[PDB]
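Engineer: experimental structure and its sequence below.
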Amino acid sequence: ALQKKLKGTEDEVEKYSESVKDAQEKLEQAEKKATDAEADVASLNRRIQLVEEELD
Amino acid sequence: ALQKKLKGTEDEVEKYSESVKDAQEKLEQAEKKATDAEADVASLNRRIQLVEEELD
Amino acid sequence: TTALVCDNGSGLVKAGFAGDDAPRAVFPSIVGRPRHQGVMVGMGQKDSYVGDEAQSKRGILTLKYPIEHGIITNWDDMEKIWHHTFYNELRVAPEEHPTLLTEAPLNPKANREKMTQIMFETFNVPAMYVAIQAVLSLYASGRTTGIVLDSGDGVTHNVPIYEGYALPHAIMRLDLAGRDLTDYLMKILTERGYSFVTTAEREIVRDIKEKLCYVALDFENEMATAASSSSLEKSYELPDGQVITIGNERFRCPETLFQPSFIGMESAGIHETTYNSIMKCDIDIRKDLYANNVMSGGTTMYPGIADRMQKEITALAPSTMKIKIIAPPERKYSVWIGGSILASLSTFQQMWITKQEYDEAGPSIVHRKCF
Ligand SMILES: Nc1ncnc2c1ncn2[C@@H]1O[C@H](COP(=O)(O)OP(=O)(O)O)[C@@H](O)[C@H]1O
């Protein structure tokens, strides 16, 4: 007659799975655009530098 | 009986909440790197046309 | 006294002294020969250039890489390469210097045999040793466990190592590397109208690949994007002006490493061969290997390769193991760095093959645990 904690902790685990799902999902969603901006800067650095030498 | 599965369920509740915390931390750090990388890219990319027209 | 570390490889010879921090001499491992006749007497034109000399005289030569896929096919040009390295790049008498040589796994036995024989007869070194490129590349990374994915210019191999033990039954070698990517790029550059066929201009194509190409995180999305917009087109000026522009090709080319079918090969992609090599190891060590993917070799230097690699191998692996990819920013020289580290040791100073020993036991000594 002590199953209330069973139910409550099962639901705890379910909602924790939901939370980690959402969190890590949006997490990698962020890092995708992060590495996108990394390619952006790595590209435009080169571009600015070469056009700068052209200016020199 | 089921009390021991309840024990393990509480333990996994703990470690899953910990995963949620790590997820939020990496989320916030991702947004921080987002702001910083965006500042850098924007500061360094809007000027190509300057060197361009000058050498032009 | 000082030891030498000559990492031959295909495409790029990189040599230097043991204990240093970076190879002193680095130059393309090619041997050129003029293909016209020459008319100005008194020019004293030599008959065979080599290294950067040939790379500069490209316009009138025919270049021949003497190492096809990790294996040496033209021994005379390889001897020229070694001689030039010693006597001009390092400018050192090899008479009093133990030298460290590298080779890929699963090579012809006669390769290392004849290599040792030449090193002892022609150059007459005091001692030598042949090491596996992947082990050295692991040394340089300061690790002691983890699959190492070395992908040079000629060959690509995975070697899983744990606690300093190698699992040879899971070493997976694959013959797709930078040279094949260069050729595939030469091919698909036709469909824009650009035609490079000369062995000279294969080098131009290699430069284009080293500069512009990159790996796409999602191939289909990038394809559709390049279709829609034009934000991916980048230009490039050839050695005589006539700037060219390439679009889709930038990520079409290195995508081959993940879909070898593009060049008509049947083997699985890089990510998949890595995952298989993992699965062939004992279950108890798979998590560490998942955590310690190492990457070396110039071909692993594409922008974005580590991210795509991680995504794919994550898709293949379970969702509870943690996937990491150790891609240092100088990984192109990790083999030479690890070689210098190992040669500098003293616990290693008794693993050399002394010339006396070889004279006593013949070139078969190599395969013998005097490795
Ligand atoms: N920045 C780069 N981007 C893409 N590919 C590169 C880059 N630099 C070198 N490569 C490729 O890697 C090869 C050099 O790799 P390397 O490790 O020297 O091979 P090896 O070990 O056989 O000498 C070259 O043939 C070149 O095609």
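Structural biologist: Great, that's in hand. Numbers count the residues shown, from 1 in each chain, chains lettered A, B, ... in the order given.
Engineer: what does the stretch 151-300 of chain C put close to the ligand?
Structural biologist: When proximity is defined as CB under 6 Å from any ligand atom, the stretch 151-300 of chain C approaches the ligand at C:152-154, C:178, C:182, C:206, C:209-210, C:297-299. Where C-beta positions appear, they are placed from N, C-alpha and C, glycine not excepted.
Engineer: minimum distance to chain C, which residue of chain A gives it?
Structural biologist: residue A:35 (5.7 Å; CB to the nearest CB).
Engineer: what about that residue, which helix or strand?
Structural biologist: helix A:4-55 (DSSP states H and E).
Engineer: please see if that helix touches chain B.
Structural biologist: Yes - contact of helix A:4-55 with chain B (CB under 8 Å from any CB of the partner chain) involves A:5-6, A:9-10, A:12-13, A:16-17, A:19-20, A:23-24, A:26-27, A:30-31, A:33-34, A:37-38, A:40-41, A:44-45, A:47-48, A:51-52, A:54-55.
Engineer: which single residue of chain C ends up nearest chain A?
Structural biologist: residue C:307 (5.7 Å).
Engineer: could you report the neighbour count for that residue?
Structural biologist: Residues lying near residue C:307 (other CB atoms under 10 Å in any protein chain shown) number 19.
Engineer: that older thread, just the buried residues out of the residues of helix A:4-55 next to chain B, in ChimeraX syntax.
Structural biologist: Buried residues among the residues of helix A:4-55 next to chain B (16 or more other CB atoms under 10 Å in any protein chain shown), as a ChimeraX selection:
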select /A:9,12,13,16,19,20,23,24,27,30,31,34,37,38,40,41,44,48,51
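Engineer: show me the contacts for residue 26.
Structural biologist: Assuming you mean chain A. Going by CB atoms under 8 Å, 6 or more residues apart in numbering or on different chains, residue A:26 touches residue B:27.
Engineer: that answer is for a different chain, and I need it for chain C
Structural biologist: Residue C:26 is in contact with C:12-15, counting by CB under 8 Å, 6+ apart.
Engineer: contact partners for residue 34?
Structural biologist: Picked chain A for this. Shown in contact with residue A:34 (CB under 8 Å, 6+ apart): B:30, B:33-34, B:37.
Engineer: correction: the question concerned chain C.
Structural biologist: Counting by CB under 8 Å, 6+ apart, residue C:34 makes contact with C:45, C:47, C:60-61.
Engineer: would you point out which residue is most central in chain C?
Structural biologist: Residue closest to the average C-alpha location in chain C (CA atoms, centre = their mean): residue C:152, at 2.2 Å.
Engineer: so how far is residue C:335 from it?
Structural biologist: 8 Å (CB to CB, to the nearest Å).
Engineer: mutual contacts of those two, please.
Structural biologist: C:9, C:133, C:297.
Engineer: return the closest of these with respect to residue C:280.
Structural biologist: residue C:133 (20.0 Å; CB to CB).
Engineer: so the closest one touches residue C:104, yeah?
Structural biologist: Yes - contact criterion CB atoms under 8 Å: residue C:133 and residue C:104 qualify, at 5.9 Å.
Engineer: helix or strand for the closest residue to residue C:286 other than its chain neighbours, which one?
Structural biologist: Nearest residue to residue C:286, sequence neighbours excluded (CB to CB, 6 or more residues apart in numbering or on different chains): residue C:278, at 5.8 Å. Assessed by DSSP H and E, residue C:278 sits inside helix C:270-280.
Engineer: what's the following helix or strand after that helix?
Structural biologist: helix C:286-291.
Engineer: CA atoms only: put that following helix into CSV for me.
Structural biologist: Extracted C-alpha coordinates of helix C:286-291, given in CSV (Å, rounded to 0.1, in the frame of the first residue of the first chain):
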residue,chain,number,x,y,z
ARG,C,286,33.5,1.2,-26.6
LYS,C,287,32.6,4.2,-24.5
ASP,C,288,36.1,5.5,-24.2
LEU,C,289,36.6,5.1,-28.0
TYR,C,290,33.3,6.9,-28.5
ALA,C,291,34.7,9.7,-26.4
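Engineer: how about residues contacting it?
Structural biologist: Under CB under 8 Å, 6+ apart, the answer for helix C:286-291 is C:145-147, C:160, C:162, C:278-279, C:281, C:317, C:321-324.
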